[PDB]
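Engineer: experimental coordinates follow, after the sequence.
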Amino acid sequence: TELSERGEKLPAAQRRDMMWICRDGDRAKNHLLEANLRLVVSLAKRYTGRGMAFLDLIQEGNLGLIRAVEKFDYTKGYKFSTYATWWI
DNA sequence: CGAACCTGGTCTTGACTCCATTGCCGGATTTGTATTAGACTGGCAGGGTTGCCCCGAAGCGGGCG
């Protein structure tokens, strides 16, 4: 982003492997989301019985999980599920 | 027949005054968003009844040998 202005000229190998890292991060993000979808279902399974549909509850839990993997930190050394349960 | 008057709408002006129209400001309340770090990771209406249409075995008769 700070390179897209006239910050620096683009070397070929540096450009292509920084593109590889930038594309790899999104695949890792999607991998984490696709991992914890089951936790989302296991949390949403008990808020039924009033008003909304079960798939709607699951989808809003998915959106909360996207927010949780946005604002998740690992240097506190805790498991992901205890942090994401709150946001879901 | 001429003058004075009474009272008809007719109309101006000066003063009062009163209430809507913004307008600001301070506060109260009301609505909307972000954040909570132990670990937790795949459910439940539901069937039953009645009636009608579409494809598959099967005789089977005609073409085939």
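Structural biologist: Cool, got the structure. Residues are numbered from 1 along each chain as shown, chains lettered A, B, ... in the order given.
Engineer: skipping adjacent residues, who's closest to the residue nearest the centre of chain A in space?
Structural biologist: Most central residue of chain A, judged by C-alpha distance to the mean C-alpha position with C-alpha atoms, centre = their mean, is residue A:69 at 3.8 Å. Spatially, and ignoring its direct neighbours in sequence, residue A:69 is nearest to residue A:32 (5.4 Å; C-beta to C-beta, 6 or more residues apart in numbering). From N, CA and C alone the C-beta is placed, and that goes for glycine too.
Engineer: name the helices or strands packed onto the helix or strand encompassing the one you found?
Structural biologist: Using DSSP states H and E, residue A:32 sits within helix A:12-44. Using 3 or more C-beta pairs under 8 Å, 6 or more residues apart in numbering; DSSP states H and E, the elements in contact with helix A:12-44 are helix A:54-70, helix A:80-87.
Engineer: could you dump these to a markdown table with distance to DNA strand B?
Structural biologist: A markdown table is the format used below for these (distance: least, C-beta to the nearest atom of the strand, whole Å):
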| stretch | distance to DNA strand B |
| --- | --- |
| helix A:54-70 | 6 |
| helix A:80-87 | 4 |
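Engineer: any idea which of those gets closest to residue A:22?
Structural biologist: Counting by C-beta to C-beta, residue A:22 lies closest to helix A:54-70 out of the helices and strands packed on helix A:12-44; the figure is 17.0 Å.
Engineer: any buried residues in that closest one, and which?
Structural biologist: If you call a residue buried by 16 or more other C-beta atoms under 10 Å, then helix A:54-70 has these buried ones: A:57-58, A:61-62, A:64-65, A:68-69.
Engineer: want to throw those residues into CSV with distance to residue A:84?
Structural biologist: Formatted as CSV, the buried residues of helix A:54-70 follow (distance: C-beta to C-beta, whole Å):
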residue, distance to residue A:84
A:57, 16
A:58, 15
A:61, 10
A:62, 11
A:64, 8
A:65, 6
A:68, 4
A:69, 7
